[PDB]
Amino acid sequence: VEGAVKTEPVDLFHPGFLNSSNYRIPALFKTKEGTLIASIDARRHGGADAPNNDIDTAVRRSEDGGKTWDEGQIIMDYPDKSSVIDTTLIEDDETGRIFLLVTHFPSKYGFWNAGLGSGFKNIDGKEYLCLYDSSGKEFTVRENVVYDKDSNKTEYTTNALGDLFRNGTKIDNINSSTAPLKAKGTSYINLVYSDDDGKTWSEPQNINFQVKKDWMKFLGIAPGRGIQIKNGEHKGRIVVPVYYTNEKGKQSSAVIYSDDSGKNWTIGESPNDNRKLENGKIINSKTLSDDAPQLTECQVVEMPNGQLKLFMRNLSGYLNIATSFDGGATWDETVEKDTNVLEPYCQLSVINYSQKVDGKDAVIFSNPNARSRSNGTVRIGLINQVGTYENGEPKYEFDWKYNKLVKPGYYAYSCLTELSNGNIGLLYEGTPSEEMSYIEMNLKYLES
């Protein structure tokens, strides 16, 4: 229709960009200053997930609303097939700090062979990263100084990137397949930040000790973006979606969150904790032993009164949605299935929209509208209150009033952002692992 805007797709990442053969897992965020930040997995040896790869994090910035992009940069690189995989972007608007979080594996590990727990150990009241030598002997890193199992200082020290130094000389890296001392083989949540709108980034912070429990096997970023809560008693809280597996390997969604500008983090309950399944059964993410109720990758959006809605990848064939009245710490016992929104077991994206649509508050949603990874569709969901819960909190439902096909053919992971002009930017997996595509869409297009 006249006035509609749907730009010709541009390959924001692609074979050869930054000398990476492959790319996957898009993330896209407009900062408060108005810059677009796009992060991606730079997969160096094919499209495969960890451990069968060597994956780095890359970033591109646009300062003119997505029309042109900078030459990019690798911001996280571990050696020897130690991977960083699945990034997520959020900003603290009060301090102007941008956060990027990612899952990290030592060489040879990934979601299915991850060992149990955080890989940290408590000594006299402080968590310390554990290291292991060839014979199984366990060490701790105390302010980057390696102590043996008798709290004897050794000759070894580390840095944030895991380099291992013997008397101040680098010999290896605790994440490699060859280091004399290796970190525990498991998932780690890593955090970097930018104070200059994304131009430069800090070294990775290993926050596993605050968010990974003893009984979790894998705990990883649910890729895409986070939020900072805008209304109510938890305003200012930074919410980052995650998901984890238990001993039996079953997956459950959650968010980690910080109320002190990213300094400390906690993990909330999963919507699977005390979940009431359809016919009344009560399960828990800790004990979950069946595949059916699994909740995995997810993204979160805020309702007008500050209530949280977690959109979750799952195994029912349809979108699943959890609700939290307490800023992400727990969820209502009922997980809703929207049979208006197919979910073929793939990552999805959902963001708040800043302006009313047809007089209603709205969200924007992206995913493959099929039983396969195809038929990529952006939707406008209008929020309606439909009564209240027993506890008197409002009950919110979505009306998927506008549904627009934007990518025929292959469509997998995606990430949305609202643009300074009020339009919608989208970075999506239009190929399985090569070209990653960026387009801009106005609501006139989406409503057509």
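Quick note: we count residues from 1 along the sequence shown, nothing fancier.
*Asks:* Take the C-alpha B-factors listed in the entry for 46-54 and for 384-392, compute each mean, and give the stretch with the larger one.
*Replies:* Stretch with the higher mean C-alpha B-factor: 384-392.
*Asks:* For the stretches 148-156 and 365-373, which has the higher mean C-alpha B-factor as given in the deposited record?
*Replies:* Averaged over C-alpha atoms, the B-factors run higher in 148-156.
*Asks:* With respect to the C-alpha temperature factors reported in the PDB entry, which of 291, 326, 86, 343 ranks highest?
*Replies:* Comparing C-alpha B-factors across 291, 326, 86, 343, the top value belongs to 291.
*Asks:* Quiz for you: based on the deposited Cα B-factor, which of 224, 236, 220, 268 is highest?
*Replies:* Largest recorded C-alpha B-factor: 236.
*Asks:* Going by the recorded CA B-factors, say which third of the chain residue 209 sits in, lowest, middle or highest.
*Replies:* Tercile = middle for this residue's CA B-factor.
*Asks:* Would you mind checking where the Cα B-factor of residue 296 ranks among the modelled residues of its chain, as the lowest, middle or highest third?
*Replies:* Answer is lowest: the recorded C-alpha B-factor places it there.
*Asks:* Which third, lowest, middle or highest, does the CA B-factor of residue 410 fall in along this chain?
*Replies:* For residue 410, the deposited C-alpha B-factor lands in the middle third.
*Asks:* Among the modelled residues of this chain, does the Cα B factor of residue 64 put it in the lowest, middle or highest third?
*Replies:* Residue 64: CA B-factor falls in the highest third of its chain.
*Asks:* Can you tell me whether residue 285 has a C-alpha B-factor in the lowest, middle or highest third compared with the other modelled residues of the same chain?
*Replies:* Within its chain, residue 285 is a middle-third residue by C-alpha B-factor, going by the deposited values.
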